[PDB]
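Quick look at start-v9.cif (mmCIF, C-alpha atoms and all ligand atoms):
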```cif
data_protein
#
loop_
_atom_site.group_PDB
_atom_site.id
_atom_site.type_symbol
_atom_site.label_atom_id
_atom_site.label_comp_id
_atom_site.auth_asym_id
_atom_site.auth_seq_id
_atom_site.Cartn_x
_atom_site.Cartn_y
_atom_site.Cartn_z
ATOM 1 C CA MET X 1 -8.600 -11.992 7.105
ATOM 2 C CA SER X 2 -7.626 -9.089 9.309
ATOM 3 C CA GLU X 3 -8.361 -5.469 8.255
ATOM 4 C CA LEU X 4 -4.785 -5.129 6.933
ATOM 5 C CA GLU X 5 -4.913 -8.425 5.049
ATOM 6 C CA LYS X 6 -8.225 -7.379 3.541
ATOM 7 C CA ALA X 7 -6.781 -4.068 2.475
ATOM 8 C CA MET X 8 -3.908 -5.812 0.750
ATOM 9 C CA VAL X 9 -6.150 -8.207 -1.174
ATOM 10 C CA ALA X 10 -8.265 -5.146 -2.165
ATOM 11 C CA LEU X 11 -5.218 -3.413 -3.673
ATOM 12 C CA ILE X 12 -4.483 -6.547 -5.768
ATOM 13 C CA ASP X 13 -8.151 -6.825 -6.755
ATOM 14 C CA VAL X 14 -8.528 -3.227 -8.033
ATOM 15 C CA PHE X 15 -5.255 -3.442 -9.933
ATOM 16 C CA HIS X 16 -6.438 -6.539 -11.746
ATOM 17 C CA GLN X 17 -9.915 -5.141 -12.421
ATOM 18 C CA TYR X 18 -8.367 -2.342 -14.421
ATOM 19 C CA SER X 19 -5.168 -3.857 -15.773
ATOM 20 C CA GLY X 20 -6.899 -6.814 -17.445
ATOM 21 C CA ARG X 21 -9.258 -4.759 -19.549
ATOM 22 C CA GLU X 22 -6.990 -4.248 -22.517
ATOM 23 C CA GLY X 23 -3.536 -5.050 -23.819
ATOM 24 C CA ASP X 24 -1.180 -6.287 -21.159
ATOM 25 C CA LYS X 25 -3.422 -7.842 -18.512
ATOM 26 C CA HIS X 26 -0.826 -7.077 -15.853
ATOM 27 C CA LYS X 27 -0.300 -3.432 -16.713
ATOM 28 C CA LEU X 28 -2.402 -0.274 -16.636
ATOM 29 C CA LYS X 29 -2.390 1.673 -19.928
ATOM 30 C CA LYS X 30 -3.362 5.380 -19.758
ATOM 31 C CA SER X 31 -7.059 4.681 -20.303
ATOM 32 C CA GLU X 32 -7.068 1.920 -17.655
ATOM 33 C CA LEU X 33 -5.331 4.220 -15.206
ATOM 34 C CA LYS X 34 -7.785 7.092 -15.923
ATOM 35 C CA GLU X 35 -10.849 4.876 -15.238
ATOM 36 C CA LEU X 36 -9.189 3.514 -12.079
ATOM 37 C CA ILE X 37 -8.621 7.037 -10.657
ATOM 38 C CA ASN X 38 -11.999 8.466 -11.758
ATOM 39 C CA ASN X 39 -14.016 5.469 -10.506
ATOM 40 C CA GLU X 40 -12.010 4.364 -7.472
ATOM 41 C CA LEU X 41 -10.296 7.475 -6.124
ATOM 42 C CA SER X 42 -13.121 9.961 -6.633
ATOM 43 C CA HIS X 43 -12.798 11.371 -3.085
ATOM 44 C CA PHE X 44 -9.029 11.409 -2.748
ATOM 45 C CA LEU X 45 -8.169 12.658 -6.251
ATOM 46 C CA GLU X 46 -9.711 15.246 -8.545
ATOM 47 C CA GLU X 47 -11.547 13.668 -11.486
ATOM 48 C CA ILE X 48 -9.483 13.343 -14.674
ATOM 49 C CA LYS X 49 -11.253 14.977 -17.623
ATOM 50 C CA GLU X 50 -8.156 16.157 -19.528
ATOM 51 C CA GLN X 51 -5.698 14.142 -21.630
ATOM 52 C CA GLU X 52 -2.886 16.256 -20.254
ATOM 53 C CA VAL X 53 -3.651 15.116 -16.726
ATOM 54 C CA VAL X 54 -3.757 11.392 -17.690
ATOM 55 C CA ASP X 55 -0.484 11.968 -19.412
ATOM 56 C CA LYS X 56 1.163 13.657 -16.415
ATOM 57 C CA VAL X 57 -0.001 10.994 -13.973
ATOM 58 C CA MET X 58 1.414 8.172 -16.099
ATOM 59 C CA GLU X 59 4.665 10.114 -16.625
ATOM 60 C CA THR X 60 4.948 10.463 -12.867
ATOM 61 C CA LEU X 61 4.151 6.798 -12.149
ATOM 62 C CA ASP X 62 6.034 5.106 -14.995
ATOM 63 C CA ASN X 63 9.515 4.452 -13.609
ATOM 64 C CA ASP X 64 10.564 1.914 -16.216
ATOM 65 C CA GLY X 65 9.479 4.088 -19.172
ATOM 66 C CA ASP X 66 7.189 1.560 -21.026
ATOM 67 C CA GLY X 67 4.263 3.995 -20.860
ATOM 68 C CA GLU X 68 2.290 1.660 -18.602
ATOM 69 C CA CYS X 69 1.813 1.225 -14.892
ATOM 70 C CA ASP X 70 2.824 -2.234 -13.687
ATOM 71 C CA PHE X 71 2.068 -3.731 -10.276
ATOM 72 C CA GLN X 72 5.213 -2.357 -8.597
ATOM 73 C CA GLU X 73 4.458 1.070 -10.005
ATOM 74 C CA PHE X 74 0.851 0.818 -8.914
ATOM 75 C CA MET X 75 2.050 0.002 -5.369
ATOM 76 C CA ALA X 76 4.172 3.163 -5.421
ATOM 77 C CA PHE X 77 1.116 5.102 -6.588
ATOM 78 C CA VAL X 78 -0.985 3.617 -3.803
ATOM 79 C CA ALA X 79 1.728 4.686 -1.297
ATOM 80 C CA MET X 80 1.888 8.278 -2.602
ATOM 81 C CA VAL X 81 -1.896 8.681 -2.460
ATOM 82 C CA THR X 82 -2.162 7.030 0.979
ATOM 83 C CA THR X 83 0.683 9.147 2.349
ATOM 84 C CA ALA X 84 -0.939 12.322 0.950
ATOM 85 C CA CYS X 85 -4.159 11.396 2.720
ATOM 86 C CA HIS X 86 -2.299 10.574 5.898
ATOM 87 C CA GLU X 87 -0.618 13.994 5.913
ATOM 88 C CA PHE X 88 -3.573 15.982 4.635
ATOM 89 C CA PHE X 89 -6.027 14.862 7.257
ATOM 90 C CA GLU X 90 -3.815 15.363 10.304
ATOM 91 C CA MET L 1 -15.876 4.984 -0.302
ATOM 92 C CA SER L 2 -14.576 2.656 -3.034
ATOM 93 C CA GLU L 3 -12.862 -0.618 -2.084
ATOM 94 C CA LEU L 4 -9.508 1.077 -2.912
ATOM 95 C CA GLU L 5 -10.274 4.150 -0.769
ATOM 96 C CA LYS L 6 -11.408 1.951 2.140
ATOM 97 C CA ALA L 7 -8.191 -0.080 1.792
ATOM 98 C CA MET L 8 -6.043 3.056 1.945
ATOM 99 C CA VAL L 9 -7.942 4.218 5.081
ATOM 100 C CA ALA L 10 -7.419 0.732 6.495
ATOM 101 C CA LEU L 11 -3.591 1.073 6.051
ATOM 102 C CA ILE L 12 -3.525 4.379 7.874
ATOM 103 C CA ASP L 13 -5.851 2.967 10.637
ATOM 104 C CA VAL L 14 -3.804 -0.154 11.412
ATOM 105 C CA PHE L 15 -0.590 1.829 11.340
ATOM 106 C CA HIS L 16 -2.018 4.309 13.869
ATOM 107 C CA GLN L 17 -3.416 1.426 15.979
ATOM 108 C CA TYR L 18 0.088 0.037 16.604
ATOM 109 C CA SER L 19 2.260 3.096 16.296
ATOM 110 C CA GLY L 20 0.219 4.805 18.990
ATOM 111 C CA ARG L 21 0.929 2.327 21.781
ATOM 112 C CA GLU L 22 4.395 3.226 23.072
ATOM 113 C CA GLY L 23 7.013 5.978 22.826
ATOM 114 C CA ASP L 24 6.603 7.821 19.453
ATOM 115 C CA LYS L 25 2.851 7.825 18.784
ATOM 116 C CA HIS L 26 3.471 8.106 15.042
ATOM 117 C CA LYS L 27 6.123 5.457 14.541
ATOM 118 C CA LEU L 28 6.366 1.695 15.124
ATOM 119 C CA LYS L 29 9.060 0.576 17.563
ATOM 120 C CA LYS L 30 10.160 -3.070 17.440
ATOM 121 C CA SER L 31 7.535 -4.221 19.940
ATOM 122 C CA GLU L 32 4.758 -2.461 18.056
ATOM 123 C CA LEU L 33 5.990 -3.807 14.698
ATOM 124 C CA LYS L 34 6.132 -7.430 16.073
ATOM 125 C CA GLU L 35 2.622 -7.197 17.411
ATOM 126 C CA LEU L 36 1.318 -5.641 14.130
ATOM 127 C CA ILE L 37 2.769 -8.566 12.119
ATOM 128 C CA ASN L 38 1.659 -11.177 14.647
ATOM 129 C CA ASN L 39 -1.893 -9.938 15.025
ATOM 130 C CA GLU L 40 -2.606 -8.401 11.632
ATOM 131 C CA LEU L 41 -0.583 -10.460 9.242
ATOM 132 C CA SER L 42 -1.172 -13.819 10.863
ATOM 133 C CA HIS L 43 -2.466 -15.325 7.578
ATOM 134 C CA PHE L 44 0.260 -14.011 5.292
ATOM 135 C CA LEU L 45 3.445 -14.027 7.420
ATOM 136 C CA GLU L 46 4.887 -16.549 9.846
ATOM 137 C CA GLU L 47 4.466 -15.645 13.470
ATOM 138 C CA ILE L 48 7.454 -13.816 14.952
ATOM 139 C CA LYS L 49 8.737 -15.551 18.139
ATOM 140 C CA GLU L 50 12.422 -14.578 18.209
ATOM 141 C CA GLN L 51 14.140 -11.285 18.946
ATOM 142 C CA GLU L 52 16.476 -11.832 15.994
ATOM 143 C CA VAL L 53 13.562 -11.947 13.564
ATOM 144 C CA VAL L 54 12.030 -8.668 14.764
ATOM 145 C CA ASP L 55 15.501 -7.095 14.759
ATOM 146 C CA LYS L 56 16.033 -8.196 11.172
ATOM 147 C CA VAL L 57 12.551 -7.036 9.997
ATOM 148 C CA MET L 58 13.128 -3.649 11.551
ATOM 149 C CA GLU L 59 16.617 -3.363 10.077
ATOM 150 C CA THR L 60 15.131 -4.218 6.659
ATOM 151 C CA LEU L 61 12.344 -1.584 6.751
ATOM 152 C CA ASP L 62 14.182 1.124 8.693
ATOM 153 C CA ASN L 63 15.628 3.029 5.733
ATOM 154 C CA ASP L 64 16.399 6.255 7.682
ATOM 155 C CA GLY L 65 18.109 4.430 10.550
ATOM 156 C CA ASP L 66 16.201 5.626 13.618
ATOM 157 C CA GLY L 67 15.265 2.115 14.858
ATOM 158 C CA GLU L 68 11.594 2.817 14.195
ATOM 159 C CA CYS L 69 9.200 2.277 11.303
ATOM 160 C CA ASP L 70 7.557 5.552 10.229
ATOM 161 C CA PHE L 71 4.480 5.694 7.909
ATOM 162 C CA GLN L 72 6.584 5.915 4.699
ATOM 163 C CA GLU L 73 8.589 2.876 5.758
ATOM 164 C CA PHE L 74 5.409 1.064 6.778
ATOM 165 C CA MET L 75 4.083 1.732 3.251
ATOM 166 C CA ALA L 76 7.176 0.108 1.707
ATOM 167 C CA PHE L 77 6.531 -2.880 4.045
ATOM 168 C CA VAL L 78 2.871 -3.034 2.915
ATOM 169 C CA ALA L 79 4.058 -3.005 -0.714
ATOM 170 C CA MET L 80 6.506 -5.903 -0.028
ATOM 171 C CA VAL L 81 3.851 -8.099 1.636
ATOM 172 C CA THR L 82 1.145 -7.220 -0.964
ATOM 173 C CA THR L 83 3.508 -8.115 -3.823
ATOM 174 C CA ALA L 84 4.325 -11.412 -2.129
ATOM 175 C CA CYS L 85 0.548 -12.166 -1.754
ATOM 176 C CA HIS L 86 0.078 -11.254 -5.407
ATOM 177 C CA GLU L 87 2.799 -13.671 -6.577
ATOM 178 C CA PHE L 88 1.612 -16.380 -4.207
ATOM 179 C CA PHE L 89 -1.828 -16.597 -5.825
ATOM 180 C CA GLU L 90 -0.324 -16.709 -9.378
HETATM 181 CA CA CA M 101 -3.961 -3.469 -19.429
HETATM 182 CA CA CA M 102 6.023 1.193 -16.453
HETATM 183 CA CA CA M 103 5.139 3.974 18.748
HETATM 184 CA CA CA M 104 13.188 4.373 10.353
HETATM 185 ZN ZN ZN M 105 -1.664 -10.406 -11.120
HETATM 186 ZN ZN ZN M 106 -0.521 9.792 11.530
#
```
Here is a file; write its structure as structure tokens.
Ligand SMILES: [Ca+2]
Ligand SMILES: [Ca+2]
Ligand SMILES: [Ca+2]
Ligand SMILES: [Ca+2]
Ligand SMILES: [Zn+2]
Ligand SMILES: [Zn+2]
Amino acid sequence: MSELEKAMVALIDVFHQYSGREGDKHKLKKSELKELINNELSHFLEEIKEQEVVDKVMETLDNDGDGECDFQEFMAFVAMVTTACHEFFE
Amino acid sequence: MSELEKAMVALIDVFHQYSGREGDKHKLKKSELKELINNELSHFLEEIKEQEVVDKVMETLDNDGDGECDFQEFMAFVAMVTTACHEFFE
């Protein structure tokens, strides 16, 4: 696979690794999303150690209002983080 | 870096690799977009060999109407292709 193709498979992989832990296997619940950020975005995002922060991140991400982050929402999250990095480091 | 972090860096890298070739160093013109898809998405998307296909792809991802693909628009493109790969495997 190319570098881009690899990167895409890696986004699918990490989503599944966290979404399948509990409840809906295809959605991130707040605790799944917290572990994903803390473990996998430890350099791009401040560690989450407060319920209020987990809450705010889900509120921000959850466009369909079911209190979970689905794959489309996770893509949007990936784009906002990646964009932030893009901008920040130039 | 985590696999997710490395993937995000990979998106910014490839984008810069192609956007930097001609004209606007920070946006993809049609020629740069065609070569990105052809070289970097050769295992996920059919090879582009017709002007009308690159025209149509650009029209599709060019949401601000400048005839180029900026990083934000490239991220929506990445999300489209990733989603398709996701579905494909399932
Ligand atoms: Ca879940
Ligand atoms: Ca949701
Ligand atoms: Ca360019
Ligand atoms: Ca545009
Ligand atoms: Zn899935
Ligand atoms: Zn840039």
Exercise for the section: Considering all atoms listed in the file, return as a PyMOL selection string whatever protein or nucleic-acid residues lie within 9 Å of stretch 59-61 of chain X, sequence-local ones (same chain, fewer than 6 positions apart) excluded. Expected result: chain X and resi 67-69+73-74+76-77
Handout entry: Distance filter 8 Å, only C-alpha atoms, chain L against chain X, as a list in words
Key =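 The contacting residues on chain L are residues 1, 2, 3, 4, 5, 6, 7, 8, 9, 10, 11, 12, 14, 40, 41, 43, 44, 71, 72, 75, 76, 78, 79, 82, 83, 85 and 86 of chain L.
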Could you give me the residues within 12 Å of ligand CA 103 (chain M), counting all atoms listed in the file, as a compact mmCIF listing (two decimals) with C-alpha atoms, keeping the file's coordinate frame?
```
# COMPACT_ATOMS: atom_id res chain seq x y z
CA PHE L 15 -0.59 1.83 11.34
CA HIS L 16 -2.02 4.31 13.87
CA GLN L 17 -3.42 1.43 15.98
CA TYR L 18 0.09 0.04 16.60
CA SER L 19 2.26 3.10 16.30
CA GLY L 20 0.22 4.80 18.99
CA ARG L 21 0.93 2.33 21.78
CA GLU L 22 4.39 3.23 23.07
CA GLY L 23 7.01 5.98 22.83
CA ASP L 24 6.60 7.82 19.45
CA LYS L 25 2.85 7.82 18.78
CA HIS L 26 3.47 8.11 15.04
CA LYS L 27 6.12 5.46 14.54
CA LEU L 28 6.37 1.70 15.12
CA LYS L 29 9.06 0.58 17.56
CA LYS L 30 10.16 -3.07 17.44
CA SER L 31 7.54 -4.22 19.94
CA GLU L 32 4.76 -2.46 18.06
CA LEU L 33 5.99 -3.81 14.70
CA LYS L 34 6.13 -7.43 16.07
CA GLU L 35 2.62 -7.20 17.41
CA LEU L 36 1.32 -5.64 14.13
CA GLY L 67 15.26 2.12 14.86
CA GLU L 68 11.59 2.82 14.20
CA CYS L 69 9.20 2.28 11.30
CA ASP L 70 7.56 5.55 10.23
CA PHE L 71 4.48 5.69 7.91
```
Problem - Counting all atoms listed in the file, the residue of L:84, L:89, L:58, L:50 that sits nearest ligand CA 104 (chain M) - result: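 Closest to ligand CA 104 (chain M) of all the choices is L:58.
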Practice task
State, in Å with one decimal place, the distance from atom CA of ligand CA 101 (chain M) to atom CA of residue X:46.
Solution key: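 Spanning atom CA of ligand CA 101 (chain M) to atom CA of residue X:46 is a straight-line distance of 22.4 Å.
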Practice task
One decimal, Å: what's the distance from atom CA of residue X:65 over to atom CA of ligand CA 102 (chain M), could you say?
Solution key: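 Straight-line distance from atom CA of residue X:65 to atom CA of ligand CA 102 (chain M) works out to 5.3 Å.
The two atoms in question, atom CA of residue L:88 and atom CA of ligand CA 102 (chain M), are spaced 21.9 Å apart.
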Using the file's own x, y and z axes, so that the box edges lie along x, y and z, what centre and edge lengths in Å (one decimal) does a box around every listed atom of stretch 39-46 of chain L get when 6 Å is added on each side? Give it as lines of an AutoDock Vina configuration file.
```
center_x = 1.1
center_y = -12.5
center_z = 10.2
size_x = 19.5
size_y = 20.1
size_z = 21.7
```
